[PDB]
Trainee: 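Next up is a structure, given as structure tokens.
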Amino acid sequence: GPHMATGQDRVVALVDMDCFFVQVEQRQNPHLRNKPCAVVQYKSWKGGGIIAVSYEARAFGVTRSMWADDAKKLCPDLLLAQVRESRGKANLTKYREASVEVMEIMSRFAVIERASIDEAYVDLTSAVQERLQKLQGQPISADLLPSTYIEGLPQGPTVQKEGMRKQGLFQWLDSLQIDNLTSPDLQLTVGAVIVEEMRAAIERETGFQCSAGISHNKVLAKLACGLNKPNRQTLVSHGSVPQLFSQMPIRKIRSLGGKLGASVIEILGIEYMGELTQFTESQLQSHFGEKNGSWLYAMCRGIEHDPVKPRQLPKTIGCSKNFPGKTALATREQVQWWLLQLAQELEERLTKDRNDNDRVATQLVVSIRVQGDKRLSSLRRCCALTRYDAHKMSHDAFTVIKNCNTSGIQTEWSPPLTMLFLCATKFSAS
DNA sequence: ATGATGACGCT
DNA sequence: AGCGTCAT
Ligand SMILES: Nc1ccn([C@H]2C[C@H](O)[C@@H](COP(=O)(O)OP(=O)(O)OP(=O)(O)O)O2)c(=O)n1
Ligand SMILES: [Ca+2]
Ligand SMILES: [K+]
């Protein structure tokens, strides 16, 4: 009752760019706008692997991981943009720079946690308090929320999608207690107003559209963001959680999409996130461990405490290349040449990073994969990163991997290498 | 033969 | 430290 925390103390938003890499290419090439189109890498193998898909192309069934030759059978007029290739490998610089454009806009409104190249969490609790003091009990107009969905509404006693959206919004705003500055529903609503303003600023200053979720924590904000895409935002209130979770497959919740969520399903014999409420904390901790059990117990009630971390920059800068099947590297010279290619791209990104962000990496992680392993990485070893020099980093990487070579012959590499990865880590201010 | 990333938990 | 999970 009066002491049972409800997880309603924060306003958290997740902003996610719609078909991000596609929008980057469509901004650059107007011929691609408003068309079925996809972003591919490496044109030689089956037209390239698709890594991003516009919503027009999704209507034909085009998905990520499709080969472009196969996608073209689903969508013969599919337009494609290729990822840049430099030093024999895909180069994602254009998308990292576009990401920076968005992240810097988002940071004008609140401190962000960069979750990915195209997603950031925002803690809006303080901005909402300030905006509420500026409103002075004044009601919130539906015109301030022109692209907001209220999850779970409309409800109770028009057949077009926007009509539904407005009906639900009207019901929400009619119900709102705007005199209570500490109503969590009011705080979420003001949050949504700010997120409308943030999304409009992103679109105005970059051309990119995004979606967003507004709730009381990161998991609900992420789930909310995906409920109405593209170019929309969804408010998921605490009160909407029981109905929303009652038919929500467990794998949809962030961190349950893999083996842990599969084990929750198998071990407990359930399907939906709401079904977790019937277990005690101790039961869940017995099955999934102390941290996971506590987290599931709170999460299935809509409660989560993972804070929005103040981090706008990536913590690592990595360069990786696969060498599949027949192309696996079998000669020592092949391994040195590719390590140098990776090291040169890494040097260039690190130098840029040190000029922009006043920091230097201090550790070099080298990871390889050998032909035969099912694991994505077969061996990871670190050394000191003391100079931003590609020839030195590639030499050191080779030094810490060269004893993996099973071969008796010096010039050969066995087993051949199917993946090389160089990662700069452990940044220090400078 | 998806591939190229990136964060964080466990021991 | 090195390995694994989960994600974009
Ligand atoms: N397995 C993946 C997932 C994503 N990406 C890249 C390309 C995507 O454009 C971008 C963002 O990924 P999302 O999962 O957010 O997907 P999109 O932004 O493409 O689409 P959506 O509108 O569904 O978010 O990251 C990638 O290279 N490989
Ligand atoms: Ca996205
Ligand atoms: K994303």
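Proteins come first, then strands; the chains are lettered A, B, ... in the order of their sequence lines, and each starts at number 1. Below, all heavy atoms of this structure are taken into account, side chains as well, without hydrogens, waters or symmetry copies.
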Trainee: Taking the nucleotide of DNA chain B with the closest heavy atom to each, which residue, A/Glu113 or A/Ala90, is nearer the 5' end?
Mentor: A/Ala90
Trainee: Starting at the 5' end of nucleotides 2-8 of chain C, put B wherever the base has a protein heavy atom under 4.0 Å, S where only the sugar-phosphate does, and a dash everywhere else.
Mentor: BSSSSSS
Trainee: Output all residues satisfying salt bridge (charged side-chain N to carboxylate O under 4.0 Å, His left out) with A/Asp353, sequence neighbours left out; order by chain, then residue number.
Mentor: A/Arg359
Trainee: Only one of A/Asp306, A/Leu284, A/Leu256, A/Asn217 clears side chain to side chain contact (heavy atoms under 4.5 Å, CB included) with A/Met299; which?
Mentor: A/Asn217
Trainee: Can you name the salt bridge (charged side-chain N to carboxylate O under 4.0 Å, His left out) partners of A/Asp358, sequence neighbours left out?
Mentor: none
Trainee: Strictly below 4.0 Å, heavy-atom distances to any atom of DNA chain B: list the hits from residues 315-326 of chain A, or just say none.
Mentor: A/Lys315, A/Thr316, A/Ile317, A/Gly318, A/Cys319, A/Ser320, A/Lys321, A/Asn322, A/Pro324, A/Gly325
Trainee: Is the count of non-hydrogen atoms from other residues, nucleotides or ligands lying under 6.0 Å from A/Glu130 atom CD greater than 12?
Mentor: no
Trainee: I need the full list of ring pair (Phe, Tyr, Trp, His ring centres under 6.0 Å) pairs touching residues 276-334 of chain A, with sequence neighbours left out, sorted by first then second residue.
Mentor: A/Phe323-A/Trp338
Trainee: Using a 4.0 Å cut-off on heavy atoms, which residues in residues 363-371 of chain A reach DNA chain B? List them by number, or say none.
Mentor: none
Trainee: Tell me the stems DNA chain B sits in, counting at least three consecutive Watson-Crick or G-U wobble pairs, each under 3.5 Å on both distances.
Mentor: B:4-11 with C:1-8
Trainee: Do the side chain of A/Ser394 and the main chain of A/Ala390 share a donor and acceptor less than 3.5 angstrom apart?
Mentor: yes
Trainee: Would you find a donor on one side and an acceptor on the other, under 3.5 Å apart, between the side chain of A/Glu271 and the backbone of A/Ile265?
Mentor: no
Trainee: Going by ring pair (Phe, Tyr, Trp, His ring centres under 6.0 Å), name the pairs with one or both residues in residues 81-102 of chain A, residues two or more places apart or in two chains.
Mentor: A/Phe21-A/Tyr95
Trainee: Not counting sequence neighbours, list each pair that qualifies as a ring pair (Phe, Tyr, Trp, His ring centres under 6.0 Å) and has a residue in residues 215-236 of chain A.
Mentor: none
Trainee: Tell me whether A/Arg165 contacts the main-chain N or O of A/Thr148 through its side chain, where contact means a donor paired with an acceptor under 3.5 Å.
Mentor: yes
Trainee: If we ignore hydrogens and angles and just use 3.5 Å, is the side chain of A/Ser147 paired with the main-chain N or O of A/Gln233 as donor and acceptor?
Mentor: no
Trainee: Who pairs with A/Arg33 by salt bridge (charged side-chain N to carboxylate O under 4.0 Å, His left out), at least two apart in sequence or on another chain?
Mentor: none
Trainee: Check every nucleotide of DNA chain B for an atom under 4.0 Å from a heavy-atom of chain A, then give the first and the last such nucleotide from 5' to 3'.
Mentor: B/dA1 to B/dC8
Trainee: Is there a donor-acceptor pair closer than 3.5 Å between any side-chain N or O of A/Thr351 and the backbone N or O of A/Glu348?
Mentor: no
Trainee: Which part of the nucleic acid, if any, lies within contact of A/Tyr42, taking any heavy atom under 4.0 Å across all strands shown: a base, the sugar-phosphate backbone alone, or nothing?
Mentor: sugar-phosphate
Trainee: Any ring pair (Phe, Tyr, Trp, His ring centres under 6.0 Å) pairs touching residues 400-422 of chain A, not counting sequence neighbours?
Mentor: none
Trainee: If you look at every strand shown and take non-hydrogen atoms under 4.0 Å, does A/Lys89 touch a base, only sugar-phosphate, or nothing?
Mentor: sugar-phosphate
Trainee: Kindly check if the number of other-residue, nucleotide or ligand heavy atoms within 6.0 Å of NZ (A/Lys35) is above 12?
Mentor: no
Trainee: Specify the residue among A/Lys309 and A/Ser65 whose closest nucleotide of DNA chain B lies further upstream toward the 5′ end.
Mentor: A/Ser65
